[PDB]
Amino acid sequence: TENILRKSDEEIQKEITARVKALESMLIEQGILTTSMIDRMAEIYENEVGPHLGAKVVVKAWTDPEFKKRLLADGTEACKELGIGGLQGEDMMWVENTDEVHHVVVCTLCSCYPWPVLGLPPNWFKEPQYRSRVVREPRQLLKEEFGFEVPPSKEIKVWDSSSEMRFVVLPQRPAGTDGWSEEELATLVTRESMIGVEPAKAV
């Protein structure tokens, strides 16, 4: 959006870069931050932790009714069965999309997001545009921004999550997938489908 008061992106980045490097140098001299610590956190959230983990949970639920029951009863314990858990997902509650109910998750006050199953949130999820509107016009937002038409008779539950509870959407299994392998089913599961802004991929 045009703001005549705002510097160029390049000038903003240049100033942020200098302020961050200066702060970094002080925390390094204090002995509390190191370059290797920075590199480890980046490796974890670029390569080790991401939405492929949540996809494994979804496909197990789709293919194992007993696991699905455990997942809906205690999301943290069920994900631990697969070795999945930890920081920012200590208290997961999974919620099931059905023919009668559609779930969507937001954090209007901050950025709460289930890192162990999804990785770090995409920028749009953290930004004020999505956060302001989804609690007020979820049906219209899903259609206009995500191309996802939820019929008006179908209930939309918006989970505005400011506590350390972490709500994760279990999307419905797409039609046309009877007997597919777990690997094939995982290709249909997206981060967006676990936030509730899109269904799992069709076809």
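All residue numbers refer to positions in the sequence shown, first residue = 1.
Look at the mean CA B-factor for 169-177 and for 33-41 in the entry; the higher one is 169-177. Between 106-114 and 128-136, it is 106-114 that carries the larger average Cα temperature factor according to the deposited entry. Residues shown: 16, 22, 186, 194. Highest C-alpha temperature factor in the entry: 186. Compared with the other modelled residues of the chain, the Cα B-factor recorded for residue 63 ranks in the middle third. Placement of the Cα temperature factor of residue 57 within the chain: lowest third of the modelled residues, per the deposited record. Sort the modelled residues of the chain by CA B factor and residue 73 lands in the highest third. The PDB entry assigns residue 83 a C-alpha temperature factor belonging to the highest third of its chain's modelled residues. Annotation for residue 142: C-alpha temperature factor in the middle third relative to the rest of the modelled chain, per the entry.
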